[PDB]
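Structure file start_9.csv with CSV, C-alpha atoms:
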chain,number,residue,atom,x,y,z
A,2,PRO,CA,-11.2,-53.0,14.9
A,3,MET,CA,-7.4,-53.5,15.1
A,4,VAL,CA,-5.7,-51.9,18.1
A,5,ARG,CA,-2.0,-51.5,18.7
A,6,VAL,CA,-0.7,-50.4,22.1
A,7,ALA,CA,3.0,-49.6,22.5
A,8,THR,CA,4.5,-48.6,25.9
A,9,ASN,CA,7.9,-48.1,27.4
A,10,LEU,CA,6.4,-49.6,30.7
A,11,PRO,CA,7.7,-53.1,31.3
A,12,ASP,CA,5.4,-56.1,30.3
A,13,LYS,CA,5.1,-56.8,34.1
A,14,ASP,CA,3.0,-53.6,34.4
A,15,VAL,CA,0.6,-54.5,31.7
A,16,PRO,CA,-1.8,-57.0,33.3
A,17,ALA,CA,-2.7,-60.3,31.6
A,18,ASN,CA,-6.3,-59.3,31.2
A,19,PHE,CA,-5.6,-55.8,29.6
A,20,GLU,CA,-6.3,-57.0,26.1
A,21,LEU,CA,-9.6,-58.6,27.2
A,22,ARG,CA,-10.7,-55.4,29.0
A,23,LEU,CA,-9.8,-53.3,26.0
A,24,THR,CA,-11.7,-55.7,23.7
A,25,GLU,CA,-14.9,-55.4,25.9
A,26,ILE,CA,-14.6,-51.6,26.2
A,27,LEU,CA,-14.3,-51.1,22.4
A,28,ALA,CA,-16.9,-53.7,21.6
A,29,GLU,CA,-19.3,-51.6,23.7
A,30,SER,CA,-18.1,-48.1,22.6
A,31,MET,CA,-17.9,-48.9,18.9
A,32,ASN,CA,-20.9,-51.3,18.7
A,33,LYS,CA,-18.6,-54.0,17.1
A,34,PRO,CA,-18.5,-57.8,17.9
A,35,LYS,CA,-15.6,-59.0,20.1
A,36,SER,CA,-14.9,-61.6,17.3
A,37,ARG,CA,-13.7,-58.8,15.0
A,38,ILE,CA,-11.4,-57.0,17.5
A,39,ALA,CA,-7.7,-57.6,17.5
A,40,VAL,CA,-5.4,-56.1,20.2
A,41,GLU,CA,-1.6,-56.1,20.0
A,42,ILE,CA,0.5,-55.1,23.1
A,43,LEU,CA,4.1,-54.1,22.7
A,44,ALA,CA,5.6,-53.4,26.1
A,45,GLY,CA,9.2,-52.6,27.2
A,46,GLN,CA,9.6,-50.5,24.1
A,47,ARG,CA,12.2,-47.7,23.5
A,48,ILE,CA,9.9,-44.7,23.5
A,49,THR,CA,10.4,-41.1,24.3
A,50,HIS,CA,7.7,-38.4,24.5
A,51,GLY,CA,8.8,-34.8,24.9
A,52,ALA,CA,12.3,-36.2,24.6
A,53,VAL,CA,12.0,-37.9,28.0
A,54,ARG,CA,11.6,-41.6,28.8
A,55,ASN,CA,8.7,-41.0,31.3
A,56,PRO,CA,6.0,-43.7,31.1
A,57,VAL,CA,3.9,-43.3,28.0
A,58,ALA,CA,1.4,-45.3,25.8
A,59,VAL,CA,1.0,-44.8,22.1
A,60,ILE,CA,-2.1,-46.4,20.7
A,61,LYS,CA,-3.4,-47.0,17.2
A,62,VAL,CA,-7.1,-47.9,16.5
A,63,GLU,CA,-8.2,-48.9,13.0
A,64,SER,CA,-11.8,-49.6,12.1
A,65,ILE,CA,-14.4,-49.5,9.3
A,66,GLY,CA,-16.6,-46.8,10.8
A,67,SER,CA,-17.6,-46.1,14.4
A,68,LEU,CA,-15.0,-43.3,14.4
A,69,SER,CA,-17.1,-40.1,14.2
A,70,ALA,CA,-15.9,-36.9,16.0
A,71,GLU,CA,-18.3,-37.7,18.8
A,72,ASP,CA,-17.4,-41.4,18.9
A,73,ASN,CA,-13.7,-40.6,19.2
A,74,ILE,CA,-14.2,-38.4,22.3
A,75,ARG,CA,-16.0,-41.4,24.0
A,76,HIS,CA,-13.3,-44.0,22.9
A,77,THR,CA,-10.6,-41.7,24.1
A,78,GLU,CA,-12.2,-41.2,27.5
A,79,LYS,CA,-12.6,-45.0,27.9
A,80,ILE,CA,-9.2,-46.0,26.7
A,81,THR,CA,-7.5,-43.2,28.7
A,82,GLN,CA,-9.4,-44.4,31.8
A,83,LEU,CA,-8.2,-48.0,31.4
A,84,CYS,CA,-4.6,-46.8,31.0
A,85,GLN,CA,-4.9,-44.7,34.2
A,86,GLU,CA,-6.4,-47.5,36.2
A,87,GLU,CA,-4.2,-50.4,35.0
A,88,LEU,CA,-1.0,-48.7,33.9
A,89,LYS,CA,-1.0,-45.6,36.2
A,90,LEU,CA,-0.4,-43.3,33.3
A,91,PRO,CA,-1.3,-39.6,33.4
A,92,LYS,CA,-3.8,-38.6,30.7
A,93,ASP,CA,-1.2,-36.4,29.0
A,94,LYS,CA,0.8,-39.6,28.5
A,95,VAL,CA,-1.9,-41.5,26.5
A,96,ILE,CA,-1.7,-40.7,22.8
A,97,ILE,CA,-4.3,-42.3,20.4
A,98,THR,CA,-4.6,-42.2,16.6
A,99,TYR,CA,-7.8,-43.4,14.9
A,100,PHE,CA,-7.8,-44.6,11.3
A,101,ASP,CA,-11.3,-44.9,9.6
A,102,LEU,CA,-10.8,-47.4,6.8
A,103,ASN,CA,-12.6,-47.8,3.6
A,104,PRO,CA,-13.9,-51.4,3.2
A,105,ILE,CA,-11.9,-51.8,0.0
A,106,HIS,CA,-8.7,-51.4,2.1
A,107,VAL,CA,-9.4,-54.3,4.6
A,108,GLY,CA,-8.8,-58.0,3.9
A,109,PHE,CA,-10.5,-60.6,6.1
A,110,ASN,CA,-11.5,-64.2,5.6
A,111,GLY,CA,-9.7,-64.4,2.2
A,112,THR,CA,-11.3,-61.4,0.5
A,113,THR,CA,-11.9,-57.7,1.1
A,114,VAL,CA,-14.7,-56.5,3.3
A,115,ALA,CA,-16.1,-54.5,0.3
A,116,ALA,CA,-16.1,-57.7,-1.8
A,117,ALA,CA,-17.9,-59.7,0.9
A,118,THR,CA,-20.8,-57.2,1.5
A,119,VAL,CA,-23.8,-55.7,-0.4
B,2,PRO,CA,3.5,-36.0,16.1
B,3,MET,CA,4.2,-39.7,16.5
B,4,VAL,CA,7.3,-41.2,14.9
B,5,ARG,CA,8.0,-45.0,14.6
B,6,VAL,CA,11.5,-46.1,13.4
B,7,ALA,CA,12.0,-49.8,12.6
B,8,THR,CA,15.4,-51.2,11.5
B,9,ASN,CA,17.1,-54.6,11.1
B,10,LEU,CA,20.3,-52.9,12.3
B,11,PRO,CA,21.1,-54.0,15.9
B,12,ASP,CA,20.2,-51.7,18.8
B,13,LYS,CA,24.0,-51.2,19.3
B,14,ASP,CA,24.0,-49.1,16.1
B,15,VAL,CA,21.1,-46.8,17.1
B,16,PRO,CA,22.7,-44.4,19.6
B,17,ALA,CA,21.0,-43.5,22.9
B,18,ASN,CA,20.4,-39.9,21.8
B,19,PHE,CA,18.8,-40.8,18.4
B,20,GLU,CA,15.2,-40.2,19.7
B,21,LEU,CA,16.2,-36.9,21.3
B,22,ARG,CA,17.8,-35.7,18.0
B,23,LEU,CA,14.9,-36.8,16.0
B,24,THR,CA,12.5,-35.0,18.4
B,25,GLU,CA,14.6,-31.7,18.0
B,26,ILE,CA,14.8,-32.0,14.3
B,27,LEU,CA,11.1,-32.5,13.8
B,28,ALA,CA,10.1,-29.8,16.4
B,29,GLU,CA,12.1,-27.4,14.2
B,30,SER,CA,11.1,-28.7,10.8
B,31,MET,CA,7.4,-29.0,11.6
B,32,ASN,CA,7.1,-26.0,14.0
B,33,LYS,CA,5.6,-28.1,16.8
B,34,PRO,CA,6.6,-28.3,20.5
B,35,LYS,CA,9.1,-31.0,21.5
B,36,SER,CA,6.7,-31.9,24.3
B,37,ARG,CA,4.1,-33.1,21.7
B,38,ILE,CA,6.5,-35.4,19.8
B,39,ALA,CA,6.7,-39.2,20.6
B,40,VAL,CA,9.4,-41.4,19.1
B,41,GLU,CA,9.4,-45.3,19.1
B,42,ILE,CA,12.6,-47.2,18.1
B,43,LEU,CA,12.4,-50.9,17.1
B,44,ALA,CA,15.9,-52.1,16.4
B,45,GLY,CA,17.2,-55.7,15.8
B,46,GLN,CA,13.9,-56.4,13.8
B,47,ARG,CA,13.3,-59.2,11.3
B,48,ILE,CA,13.0,-57.0,8.2
B,49,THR,CA,13.9,-57.7,4.6
B,50,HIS,CA,14.3,-55.3,1.7
B,51,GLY,CA,14.5,-56.7,-1.8
B,52,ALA,CA,13.8,-60.0,-0.1
B,53,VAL,CA,17.3,-60.1,1.7
B,54,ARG,CA,18.4,-58.7,5.1
B,55,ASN,CA,20.3,-55.7,3.8
B,56,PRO,CA,20.3,-52.8,6.4
B,57,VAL,CA,17.2,-50.7,6.2
B,58,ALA,CA,15.2,-48.2,8.2
B,59,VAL,CA,11.4,-47.9,7.8
B,60,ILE,CA,9.9,-44.8,9.4
B,61,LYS,CA,6.3,-43.7,10.0
B,62,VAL,CA,5.5,-40.1,10.8
B,63,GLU,CA,1.9,-39.2,12.0
B,64,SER,CA,1.0,-35.5,12.5
B,65,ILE,CA,-1.9,-33.1,12.4
B,66,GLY,CA,-0.7,-30.8,9.6
B,67,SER,CA,2.9,-29.6,8.9
B,68,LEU,CA,2.9,-32.3,6.1
B,69,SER,CA,2.5,-30.3,2.9
B,70,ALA,CA,4.3,-31.4,-0.3
B,71,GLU,CA,7.1,-28.9,0.4
B,72,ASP,CA,7.3,-29.7,4.1
B,73,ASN,CA,7.8,-33.4,3.5
B,74,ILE,CA,10.8,-32.7,1.2
B,75,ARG,CA,12.4,-30.9,4.1
B,76,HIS,CA,11.5,-33.5,6.7
B,77,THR,CA,12.8,-36.2,4.5
B,78,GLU,CA,16.1,-34.5,3.9
B,79,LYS,CA,16.6,-33.9,7.7
B,80,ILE,CA,15.5,-37.4,8.8
B,81,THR,CA,17.6,-39.1,6.1
B,82,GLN,CA,20.6,-37.0,7.1
B,83,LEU,CA,20.2,-38.1,10.7
B,84,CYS,CA,20.0,-41.7,9.5
B,85,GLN,CA,23.2,-41.2,7.4
B,86,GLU,CA,25.1,-39.7,10.3
B,87,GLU,CA,24.0,-41.9,13.2
B,88,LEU,CA,23.1,-45.2,11.5
B,89,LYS,CA,25.4,-45.0,8.5
B,90,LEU,CA,22.6,-46.0,6.2
B,91,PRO,CA,22.6,-44.9,2.5
B,92,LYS,CA,19.7,-42.7,1.6
B,93,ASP,CA,18.1,-45.4,-0.6
B,94,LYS,CA,17.8,-47.5,2.5
B,95,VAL,CA,15.7,-44.9,4.4
B,96,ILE,CA,11.9,-45.2,3.7
B,97,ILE,CA,9.5,-42.8,5.3
B,98,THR,CA,5.7,-42.6,5.2
B,99,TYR,CA,3.8,-39.5,6.4
B,100,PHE,CA,0.2,-39.7,7.7
B,101,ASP,CA,-1.6,-36.3,7.8
B,102,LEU,CA,-4.3,-36.7,10.5
B,103,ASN,CA,-7.5,-34.9,11.0
B,104,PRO,CA,-7.7,-33.5,14.6
B,105,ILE,CA,-10.9,-35.6,15.2
B,106,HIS,CA,-8.7,-38.7,14.8
B,107,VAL,CA,-6.2,-37.9,17.6
B,108,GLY,CA,-6.8,-38.5,21.3
B,109,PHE,CA,-4.6,-36.8,23.8
B,110,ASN,CA,-5.1,-35.7,27.4
B,111,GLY,CA,-8.4,-37.6,27.7
B,112,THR,CA,-10.2,-36.1,24.7
B,113,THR,CA,-9.7,-35.5,21.0
B,114,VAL,CA,-7.4,-32.7,19.7
B,115,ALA,CA,-10.5,-31.3,17.8
B,116,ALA,CA,-12.6,-31.2,21.0
B,117,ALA,CA,-9.8,-29.4,22.9
B,118,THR,CA,-9.1,-27.0,20.0
C,2,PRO,CA,5.5,-51.4,-0.6
C,3,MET,CA,6.1,-51.6,3.1
C,4,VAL,CA,4.6,-54.7,4.8
C,5,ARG,CA,4.3,-55.4,8.5
C,6,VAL,CA,3.2,-58.9,9.7
C,7,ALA,CA,2.5,-59.3,13.4
C,8,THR,CA,1.6,-62.7,14.9
C,9,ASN,CA,1.3,-64.3,18.2
C,10,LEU,CA,2.7,-67.5,16.7
C,11,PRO,CA,6.3,-68.1,17.9
C,12,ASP,CA,9.2,-67.1,15.6
C,13,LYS,CA,9.9,-70.8,15.2
C,14,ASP,CA,6.6,-71.2,13.2
C,15,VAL,CA,7.4,-68.3,10.8
C,16,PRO,CA,9.8,-69.9,8.4
C,17,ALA,CA,13.0,-68.1,7.5
C,18,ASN,CA,11.9,-67.7,3.8
C,19,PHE,CA,8.5,-66.2,4.7
C,20,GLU,CA,9.6,-62.6,3.9
C,21,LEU,CA,11.1,-63.8,0.6
C,22,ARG,CA,7.9,-65.5,-0.5
C,23,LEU,CA,5.8,-62.6,0.5
C,24,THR,CA,8.1,-60.3,-1.4
C,25,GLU,CA,7.8,-62.4,-4.6
C,26,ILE,CA,4.1,-62.7,-4.3
C,27,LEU,CA,3.5,-59.0,-3.8
C,28,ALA,CA,6.0,-58.0,-6.5
C,29,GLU,CA,3.9,-60.1,-8.9
C,30,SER,CA,0.4,-59.1,-7.6
C,31,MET,CA,1.2,-55.4,-7.2
C,32,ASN,CA,3.5,-55.1,-10.3
C,33,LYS,CA,6.2,-53.5,-8.1
C,34,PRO,CA,10.0,-54.3,-8.1
C,35,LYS,CA,11.4,-56.5,-5.3
C,36,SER,CA,13.9,-53.8,-4.7
C,37,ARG,CA,11.1,-51.5,-3.4
C,38,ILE,CA,9.5,-54.0,-1.0
C,39,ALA,CA,10.3,-54.1,2.7
C,40,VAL,CA,8.8,-56.8,5.0
C,41,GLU,CA,8.9,-56.6,8.8
C,42,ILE,CA,8.0,-59.7,10.8
C,43,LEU,CA,7.0,-59.4,14.5
C,44,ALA,CA,6.5,-62.9,15.9
C,45,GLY,CA,5.9,-64.1,19.4
C,46,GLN,CA,3.7,-61.0,20.0
C,47,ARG,CA,1.1,-60.5,22.7
C,48,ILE,CA,-2.0,-60.5,20.5
C,49,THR,CA,-5.7,-61.4,21.2
C,50,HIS,CA,-8.4,-61.7,18.6
C,51,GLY,CA,-12.0,-62.2,19.8
C,52,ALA,CA,-10.5,-61.8,23.3
C,53,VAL,CA,-8.6,-65.2,23.0
C,54,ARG,CA,-5.0,-66.0,22.2
C,55,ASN,CA,-5.7,-68.2,19.3
C,56,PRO,CA,-3.1,-68.0,16.5
C,57,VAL,CA,-3.7,-64.8,14.4
C,58,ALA,CA,-1.8,-62.6,11.9
C,59,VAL,CA,-2.4,-58.9,11.6
C,60,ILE,CA,-0.8,-57.5,8.4
C,61,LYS,CA,-0.3,-53.9,7.2
C,62,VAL,CA,0.5,-53.1,3.5
C,63,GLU,CA,1.5,-49.6,2.4
C,64,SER,CA,2.1,-48.7,-1.2
C,65,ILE,CA,1.8,-45.8,-3.7
C,66,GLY,CA,-0.9,-47.3,-6.0
C,67,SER,CA,-1.5,-50.9,-6.9
C,68,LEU,CA,-4.3,-50.9,-4.2
C,69,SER,CA,-7.6,-50.6,-6.2
C,70,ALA,CA,-10.7,-52.4,-5.1
C,71,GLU,CA,-10.0,-55.2,-7.6
C,72,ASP,CA,-6.3,-55.4,-6.8
C,73,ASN,CA,-7.0,-55.8,-3.0
C,74,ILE,CA,-9.2,-58.8,-3.6
C,75,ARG,CA,-6.2,-60.5,-5.4
C,76,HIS,CA,-3.7,-59.4,-2.8
C,77,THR,CA,-5.9,-60.7,0.0
C,78,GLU,CA,-6.3,-64.1,-1.6
C,79,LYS,CA,-2.6,-64.5,-2.2
C,80,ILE,CA,-1.5,-63.2,1.2
C,81,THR,CA,-4.1,-65.4,3.0
C,82,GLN,CA,-3.0,-68.4,1.0
C,83,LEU,CA,0.6,-67.9,2.0
C,84,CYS,CA,-0.5,-67.7,5.7
C,85,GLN,CA,-2.5,-70.9,5.3
C,86,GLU,CA,0.4,-72.8,3.8
C,87,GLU,CA,3.3,-71.5,5.9
C,88,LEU,CA,1.6,-70.5,9.2
C,89,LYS,CA,-1.4,-72.9,9.2
C,90,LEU,CA,-3.7,-70.1,10.0
C,91,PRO,CA,-7.4,-70.3,9.1
C,92,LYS,CA,-8.5,-67.5,6.8
C,93,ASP,CA,-10.6,-65.9,9.4
C,94,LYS,CA,-7.4,-65.4,11.5
C,95,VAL,CA,-5.7,-63.3,8.8
C,96,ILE,CA,-6.5,-59.5,9.0
C,97,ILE,CA,-5.0,-57.1,6.4
C,98,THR,CA,-5.1,-53.3,6.2
C,99,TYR,CA,-4.1,-51.5,3.0
C,100,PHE,CA,-2.9,-47.9,2.9
C,101,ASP,CA,-2.7,-46.2,-0.5
C,102,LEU,CA,-0.3,-43.4,-0.2
C,103,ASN,CA,0.0,-40.2,-2.1
C,104,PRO,CA,3.6,-39.7,-3.5
C,105,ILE,CA,4.0,-36.4,-1.5
C,106,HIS,CA,3.6,-38.6,1.6
C,107,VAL,CA,6.6,-41.0,0.9
C,108,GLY,CA,10.2,-40.2,1.6
C,109,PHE,CA,12.8,-42.3,-0.3
C,110,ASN,CA,16.4,-41.7,-1.4
C,111,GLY,CA,16.5,-38.4,0.6
C,112,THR,CA,13.5,-36.7,-0.9
C,113,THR,CA,9.8,-37.3,-1.6
C,114,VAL,CA,8.7,-39.6,-4.4
C,115,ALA,CA,6.6,-36.7,-5.8
C,116,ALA,CA,9.7,-34.5,-5.9
C,117,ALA,CA,11.8,-37.2,-7.5
C,118,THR,CA,9.5,-38.0,-10.5
C,119,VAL,CA,8.0,-36.6,-13.7

Render the structure in this file as structure tokens.
Amino acid sequence: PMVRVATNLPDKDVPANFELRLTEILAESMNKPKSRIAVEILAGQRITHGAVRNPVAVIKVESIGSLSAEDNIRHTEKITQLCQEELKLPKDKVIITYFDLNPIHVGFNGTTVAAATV
Amino acid sequence: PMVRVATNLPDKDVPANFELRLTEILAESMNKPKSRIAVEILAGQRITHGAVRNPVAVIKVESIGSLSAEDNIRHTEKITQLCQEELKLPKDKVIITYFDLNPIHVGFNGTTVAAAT
Amino acid sequence: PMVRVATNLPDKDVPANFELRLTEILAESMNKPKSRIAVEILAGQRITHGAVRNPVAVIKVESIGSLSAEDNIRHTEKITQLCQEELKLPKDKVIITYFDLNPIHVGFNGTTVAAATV
């Protein structure tokens, strides 16, 4: 999984261990190994939501599978909870998009995932 | 809807009200509430186009619906016009990608849009 | 094609000609004109992979076509090679996602690509 978290909160408010907690949470929720999870944090961004600069997080999650309708309810609960605890965001200021990728559309280790598997 | 605007133009050239105008324009063009539109601006970025640093804006629009073939002509006209007026970019330096998302693939307010609707 | 390269390597380690080389390589591999290739570099980013801050590159490639199963093997090899030569990344620290866009979903020159073509 590849995760991008963008917030208008300053970097100061995103704790040093946030990426590590998000990695653990998604490893468990998605049944994926930590060694295949990347997290990018962009803080202090110019973001509006509803045309106001209230604190907000916009999150993108890409994965090959583990993104069923039921799975995404669980991932959303867990990610939203982490944002509430660590960033003090309200739930209506956490926006997540999930991209369920075909293995022919992911390169890793010098080839596609499709070309590396049975 | 979630909109990301990246440009190699300096932040100076992207006026303070750009996000607000883009919000209004897309609320009207897509028939969605302003309160459900997020805009991210990344200015002063390291971007090339044609392998040199000519001014460019690269825009991503994610939405559940309101992204039909006909809709996207309209959105493109309006977004491009705003970039012409406010950033002084030519229309061939405004590149937009639209992602039409299934409601099971969007989390908001602690659950998926599908599960809430 | 619209290409986004995010790395936790400092900007210093991403040479000034990286975008130019990537443009040429993808123009050739994807049979697309240089004048329709944009490359964004985000360097010095807060990125973890496997919950560590080891050097990593996360790359997104969007295009109308030129992203078949076979094409993507080739693109992955060439992009990974460039990252090895210029950024000194190991191949298991280069992650690429490919998005194959319908022409109705791309705005360019003030209209959609679909609306501008035969």

Exercise. List the neighbours of residue 75 in chain A out to 9 Å using all atoms listed in the file; skip same-chain residues closer than 5 positions along the sequence, and give me the result as a list in words.
Key: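 Final neighbour list, sorted by chain and number: residues 30 and 80 of chain A; 112 of chain B.
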
Exercise. Point out the residue among C:52, C:3, C:43, C:26 with the least atom-to-atom distance to residue 45 in chain B, counting all atoms listed in the file.
Key: C:43

Closest-contact table, chain B side, partner chain C, 7 Å, counting all atoms listed in the file, as JSON lines:
{"residue": "B:47", "atom": "CA", "partner": "C:42", "partner_atom": "CA", "distance": 5.3}
{"residue": "B:48", "atom": "CA", "partner": "C:41", "partner_atom": "CA", "distance": 4.2}
{"residue": "B:49", "atom": "CA", "partner": "C:40", "partner_atom": "CA", "distance": 5.2}
{"residue": "B:50", "atom": "CA", "partner": "C:39", "partner_atom": "CA", "distance": 4.3}
{"residue": "B:51", "atom": "CA", "partner": "C:36", "partner_atom": "CA", "distance": 4.1}
{"residue": "B:52", "atom": "CA", "partner": "C:21", "partner_atom": "CA", "distance": 4.7}
{"residue": "B:70", "atom": "CA", "partner": "C:105", "partner_atom": "CA", "distance": 5.2}
{"residue": "B:73", "atom": "CA", "partner": "C:113", "partner_atom": "CA", "distance": 6.7}
{"residue": "B:74", "atom": "CA", "partner": "C:112", "partner_atom": "CA", "distance": 5.3}
{"residue": "B:77", "atom": "CA", "partner": "C:112", "partner_atom": "CA", "distance": 5.5}
{"residue": "B:78", "atom": "CA", "partner": "C:111", "partner_atom": "CA", "distance": 5.1}
{"residue": "B:81", "atom": "CA", "partner": "C:111", "partner_atom": "CA", "distance": 5.7}
{"residue": "B:92", "atom": "CA", "partner": "C:110", "partner_atom": "CA", "distance": 4.6}
{"residue": "B:93", "atom": "CA", "partner": "C:110", "partner_atom": "CA", "distance": 4.1}
{"residue": "B:95", "atom": "CA", "partner": "C:109", "partner_atom": "CA", "distance": 6.1}
{"residue": "B:96", "atom": "CA", "partner": "C:109", "partner_atom": "CA", "distance": 5.0}
{"residue": "B:97", "atom": "CA", "partner": "C:108", "partner_atom": "CA", "distance": 4.6}
{"residue": "B:98", "atom": "CA", "partner": "C:107", "partner_atom": "CA", "distance": 4.7}
{"residue": "B:99", "atom": "CA", "partner": "C:106", "partner_atom": "CA", "distance": 4.9}

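Between CA of residue 89 in chain C and CA of residue 14 in chain C the interatomic distance comes to 9.1 Å.
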
Quiz prompt | Neighbour list for residue 36 in chain B as a list in words, cut-off 10 Å, all atoms listed in the file, skip fewer than 3 positions in-chain | solution =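 Selected residues are residues 49, 50, 51, 52 and 53 of chain A; 2, 24, 28, 33 and 39 of chain B.
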
Could the residues in this selection be saved with C-alpha atoms as a PDB file, in the frame of the given file?
ATOM      1  CA  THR A  49      10.400 -41.100  24.300  1.00  0.00           C
ATOM      2  CA  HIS A  50       7.700 -38.400  24.500  1.00  0.00           C
ATOM      3  CA  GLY A  51       8.800 -34.800  24.900  1.00  0.00           C
ATOM      4  CA  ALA A  52      12.300 -36.200  24.600  1.00  0.00           C
ATOM      5  CA  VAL A  53      12.000 -37.900  28.000  1.00  0.00           C
TER       6      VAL A  53
ATOM      7  CA  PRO B   2       3.500 -36.000  16.100  1.00  0.00           C
ATOM      8  CA  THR B  24      12.500 -35.000  18.400  1.00  0.00           C
ATOM      9  CA  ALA B  28      10.100 -29.800  16.400  1.00  0.00           C
ATOM     10  CA  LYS B  33       5.600 -28.100  16.800  1.00  0.00           C
ATOM     11  CA  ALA B  39       6.700 -39.200  20.600  1.00  0.00           C
TER      12      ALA B  39
END

Quiz item: Which is closer to chain C than all the others in A:59, A:65, A:54, A:86, using all atoms listed in the file?
Solution: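 Ranking A:59, A:65, A:54, A:86 by distance to chain C, first place goes to A:65.
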
Quiz item: Leaving out residue 96 in chain A and any residue of its chain fewer than 6 positions from it, which residues lie within 10 Å of it when counting all atoms listed in the file, given as number ranges by chain?
Solution: A: 6, 50, 57-61, 77, 80-81; B: 2-3, 37, 39, 107-113
